[PDB]
Every structure is written in C-alpha cells, then in structure tokens.
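Fold and contact review
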Amino acid sequence: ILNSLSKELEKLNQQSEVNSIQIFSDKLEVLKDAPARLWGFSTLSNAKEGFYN
Amino acid sequence: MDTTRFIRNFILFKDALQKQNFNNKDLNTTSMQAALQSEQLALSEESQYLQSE
Amino acid sequence: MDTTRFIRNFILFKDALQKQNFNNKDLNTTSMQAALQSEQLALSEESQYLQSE
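Criteria and thresholds
Residues numbered from 1 in each chain as written, not as in the entry; some residues may be left out. Chains lettered and ligands numbered in written order. Part of a larger assembly, values for the part shown. Heavy atoms only, no water. Helix = DSSP H or I, 4+ residues; strand = E, 2+ residues; numbered from the N terminus. Buried < 20%, exposed > 50% of the residue type's maximum accessible area, 1.4 Å probe, protein only. Contact = heavy atoms within 4.5 Å. Buried area = accessible area lost by both parts, 1.4 Å probe. Salt bridge = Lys/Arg side-chain N within 4 Å of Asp/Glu carboxyl O. Nonpolar A, V, L, I, M, F, W, Y, C, P; charged D, E, K, R; others polar. Axes fitted to C-alpha atoms, helices over the stretch in contact; angles between N-to-C directions. Parallel < 35°, antiparallel > 145°, perpendicular 65-115°, else oblique.

Header annotation of the entry names cryo-EM as the structure determination method and lists the resolution as 3.6 Å.

Following this line, the structure appears as structure tokens:
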C-alpha cells in the first residue's frame, strides 16, 4: 500500500505544472461597436503580454 | 446590462405581448421594463450558476 | 457612471423605443433613466465578473 501511494504521488507529480497563462473576457457575445474588455493574465517574470488578431 | 441578452429578451417580450393587443409605445415600454428586470434577475442567475458549478 | 457605456446604452434604448411611437422629450427621458439603471446594474456586473474571473 505504501508502494501504491508512492506511485500515486509520482503520477500526481507530472501534472503539477508551472508557468500557465489565462485569458478572460466578459460578454462573449458582442455588437458591432461594443468593447467587450478582454483581460489576460501571464504568470511570467517579465513579458510583453500583447494581444494578436 | 448585457446587450445581446437584452435584445433577445426585448424581442421575446414583444412576441409574448403580441402587438395586435397593444399600442406600440406601451408595448415597447413594458417590454423594455421587463427586459431590464430580466437582466437584474440574470445577474443573480450568473452568481448562482457559478456557485453551483 | 462610465460615460461611453452610458452613451451606447442611451443610443440602444433610443433604438429599442423607436422614436416614431414616442414624443421626443419622453423618449430621451425614458432612455436616460433606463441607461442610468443599466449603469447601476453594470457596476454589480463588474463586481460579479471580477469574482468569477
């Protein structure tokens, strides 16, 4: 059971990620001229974090 | 308010209150007031659905 | 209030309440009151969207 719990912990250790960014946006629906403010989040140390079209 | 949900609710309230039984100004006014109340309810719907998720 | 969202909501409420069925003063007044209520609702929308993000 100790060996199985160690294998469980090592299987859990691979999915523990670092450095993942995340985008967010209210109002997924939008009109022709409505703003729909996009907000991004980068967990990098220093970056430029632009938006590309 | 959210704009497109307001437009769809305004259209649906103008379909429910059919315009043959309604003067046009009072029809548009009652549909607008009911759509604004529907937006005020849908805010709490968004909060409750986030909590339930 | 936020100014540009108020202008867009005022324009949209003057499009929904079409001016052929409305005296101009009452149209502008009802659109202004509905836009102010929409700003009061959009404050709570901003708070709930920040919490959900």
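On we go from here.
Before going further, it helps to examine unusual backbone geometry. Residues and elements named next belong to chain A. A positive phi angle is found at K27, which is not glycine, with a value near 60°. Turning to its location among the elements, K27 is positioned in the loop between β1 (22–25) and β2 (38–41). Classification of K27 by relative accessible area gives partly exposed; the value is 22%. Of note in the backbone geometry, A36 takes a positive phi value of approximately 55° without being a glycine.

The next thing to look at is the interface of chain B and chain C. In this assembly, 18 residues from chain B lie in contact with 18 residues from chain C. Taking both sides of the interface into account, the surface hidden between chain B and chain C amounts to around 1700 Å²; carbon and sulfur atoms contribute 67%. Contact with chain C buries area across many residues of chain B, yet B:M1, B:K25 and B:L43 alone supply 35% of it, more than any other trio. The tally of links from chain B across to chain C stands at zero salt bridges. Those elements giving two or more residues to the side of chain B that touches chain C turn out to be α1 (3–16) and α2 (24–52) of chain B. The element that contributes the greatest number of residues to the side of chain B that touches chain C is α2(B), accounting for 12 residues. Here the residues of the side of chain B that touches chain C are counted per class, giving eight nonpolar, six polar and four charged.

In the contact formed by α2(B) and helix α2 (residues 24–52) of chain C, the axes pass within 11 Å of each other and the chain directions differ by 10°. Between α2(B) and α2(C), the angle falls in the class roughly parallel. Contact with α2(B), carried on its side by B:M32, B:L36, B:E39, B:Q40, B:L43, B:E46, B:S47 and B:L50, involves C:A34, C:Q37, C:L41, C:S44, C:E45, C:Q48, C:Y49 and C:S52 of α2(C) and no other residues of that element. Here the residues of the contact of α2(B) with α2(C) sort into seven nonpolar, six polar and three charged.

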